[PDB]
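First comes the structure, then the notes that go with it.
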Amino acid sequence: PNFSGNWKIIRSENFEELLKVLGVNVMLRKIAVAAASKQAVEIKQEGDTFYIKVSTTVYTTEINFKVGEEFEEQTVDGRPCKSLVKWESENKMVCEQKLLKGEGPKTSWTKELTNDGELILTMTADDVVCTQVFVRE
Ligand SMILES: *C/C=C(C)/C=C/C=C(C)/C=C/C1=C(C)CCCC1(C)C
């Protein structure tokens, strides 16, 4: 459907706790939390092909995938991973990730388009879930 658009963040909850699980030290966590409040997301959706660009003040990353097809990206803490996105309903997808090297917490993310017009992103490390809410620019 209509994930396509330019999204700007309005809320970010439990991000510090997520980074803590992933081993990030406290000063860097606080700085990452501040960076997260400037997060912008650009999405182009065509059928089940997605192009996603996530940026902050000094960094930008692009994600390209097709639902049901494995691709490579990086975890929240920056480790390379194999990813696979599946639909959970009309406007929610869930991505499971697997580390390319070594071991770590089990990570994943979801994106959901609500009926209120919000884009909800969740990111998970084991027990800890970060939720971020976006609205259209
Ligand atoms: C589908 C949406 C995805 C995969 C969004 C991914 C977003 C990130 C991996 C964001 C990472 C950030 C940091 C690692 C610190 C700076 C703040 C963020 C939230 C941009």
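Readers should treat all values here as calculations from the given coordinates under stated rules, not as data from a laboratory. Positions of Cβ are generated from backbone atoms using ideal geometry, with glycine treated the same way; all protein chains shown enter the neighbour counts.
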Considering only the range 15-64, state which residues are of a type in the set (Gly, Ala, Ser) and more than 17 Å from the chain's Cα centre (by Cα). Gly23, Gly47
Considering only residues of the range 3-18 that are near the ligand (Cβ under 9 Å from one of its atoms) and part of a strand (DSSP E or B), which is nearest to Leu119 (Cα to Cα)? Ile9
Suppose the filter is assigned to a strand (DSSP E or B), within 11 Å of the ligand (Cβ to nearest atom) and closer than 18 Å to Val128 by Cα; does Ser83 pass it? no
Selection count where residues are among the polar types (S, T, N, Q), touching a strand residue (DSSP E or B) at 6+ places or on another chain (Cβ under 7 Å) and either within 11 Å of the ligand (Cβ to nearest atom) or touching a residue at least 60 places away in the same chain (Cβ under 8 Å) (or both), scope the range 19-58: 3
Scanning the range 5-18 residue by residue, the ones that are in contact (Cβ under 8 Å) with a residue 24 or more places away in the chain and among the acidic types (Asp, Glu) total 2
Residues being acidic (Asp, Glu), away from the ligand (no atom under 11 Å from the Cβ) and outside any loop (DSSP other than H, G, I, E, B): count how many of those fall in the range 59-80. 1
All but one of (1) more than 10 Å from the ligand (Cβ to nearest atom); (2) farther than 20 Å from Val128 by Cα hold for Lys106, so report the exception by its number. (2)
For the subset of the range 119-137 comprising residues that are within 24 Å of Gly68 (Cα to Cα) and more than 10 Å from the ligand (Cβ to nearest atom), which member is farthest from the chain's Cα centre (by Cα)? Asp126
